[PDB]
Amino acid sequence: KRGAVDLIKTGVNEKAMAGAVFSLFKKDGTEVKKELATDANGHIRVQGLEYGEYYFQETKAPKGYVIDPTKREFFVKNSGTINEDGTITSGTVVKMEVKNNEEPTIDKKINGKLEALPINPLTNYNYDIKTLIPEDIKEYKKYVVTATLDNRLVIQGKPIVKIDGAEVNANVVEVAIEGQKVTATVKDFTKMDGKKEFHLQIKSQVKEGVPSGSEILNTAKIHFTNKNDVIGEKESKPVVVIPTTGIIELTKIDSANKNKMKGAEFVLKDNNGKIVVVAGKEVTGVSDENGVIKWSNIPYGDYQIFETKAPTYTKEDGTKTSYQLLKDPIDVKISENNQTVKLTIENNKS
């Protein structure tokens, strides 16, 4: 006189769960079997069990799921058998369904789908942080998505939180900013019920002054605690943003004798005709004793260089005369292909 039991383990979409490991105990504690993995159909079939109360317990959660310690209790009081594959059944077989819940995940991308982004300073780009919302979110005690941005970055405005593409109120998820630290805490788990995706978007900018080609690595985190007080903490893969700036070096000479000239004044403008500003200061230069003007931290782009004041020379009769001002702006393009632009500018006597 002995009985059997059939355990059916499911997952997210009622999906059959393979790999979930259980041990079988009697009510009093004695272990009957250990290391019982659910097969390709989520089944664990056990037979030859004596009459009395039992309970399955999970020792290893199926991949991607939260370990659940809950005791799955049942009784064996009627005769029955069932083989490993379950093709041979007899008498009464105890049916038992156990549902497992996904552990939240976290993904971090730049501007939607990027892991790397070369960008000019003071230019908006988005950190898109997306995390999985489990089926049993309604019963979660804690669900926090946070990211502490690198010091060389500036948080632009207020970060937005979308639940399944739908922006939610501060009553649903509370967004706090403490310095570089953005924190999105779920306040109403009931409005989370039935939802699939948590989307924290943080708009950012790289500060000026950071050396070109600096790889600003950054990652996000999610903290959670479910109904069974199971605490978790996951960290995304790193995304990298890279400041792009170049160098413009002018060397002012006389057209005929090729001598270096000081006192030549220039200004860097953009194609629009607006003077370029780097760190609050207009980009102007005065040729030095070696005729050099060196402008650094110039963002990628197209510019025009204008002469605002000619250098001075002397005529064959000994009289300080100003050169004629250059007749045309000098087109310059700073890019990945041309990170350092070195120009020799000839001045003609007049």
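In this text, residue numbers run from 1 along the sequence as written.
- Query: Of the two stretches 299-307 and 62-70, which shows the higher Cα B-factor on average in the entry?
  - Reply: Of 62-70 and 299-307, the stretch with the higher C-alpha B-factor average is 62-70.
- Comparing 183-191 with 146-154, which stretch shows the greater average C-alpha B-factor in the deposited entry? Of 146-154 and 183-191, the stretch with the higher C-alpha B-factor average is 183-191.
- Item | Residue, from 286, 283, 32, 325, that the PDB entry assigns the highest Cα B-factor | The record points to 32.
- Item | Residue with maximal Cα B-factor (values as given in the PDB entry) among 245, 214, 105, 90 | Within the set 245, 214, 105, 90, 90 shows the top C-alpha B-factor.
- Query: Comparing residue 37 with the other modelled residues of its chain, is its CA B-factor in the lowest, middle or highest third?
  - Reply: Within its chain, residue 37 is a highest-third residue by C-alpha B-factor, going by the deposited values.
- Message: Ranking every modelled residue in this chain by its Cα temperature factor as given in the entry, which third contains residue 127?
- Response: As the PDB entry reports it, the C-alpha B-factor of residue 127 lands in the lowest third of its chain.
- Task: Pull the Cα B-factor of residue 265 out of the PDB entry and bin it into the chain's lowest, middle or highest third.
- Result: For residue 265, whose C-alpha B-factor we compare with every modelled residue in the chain, the answer is the lowest third.
- Task: Could you say whether, by C-alpha temperature factor, residue 278 belongs to the lowest, middle or highest third of its chain?
- Result: Lowest third of the chain for residue 278's C-alpha B-factor.
- Message: Could you place residue 14 in the lowest, middle or highest third of its chain by Cα temperature factor, using the values in the record?
- Response: Within its chain, residue 14 is a highest-third residue by C-alpha B-factor, going by the deposited values.
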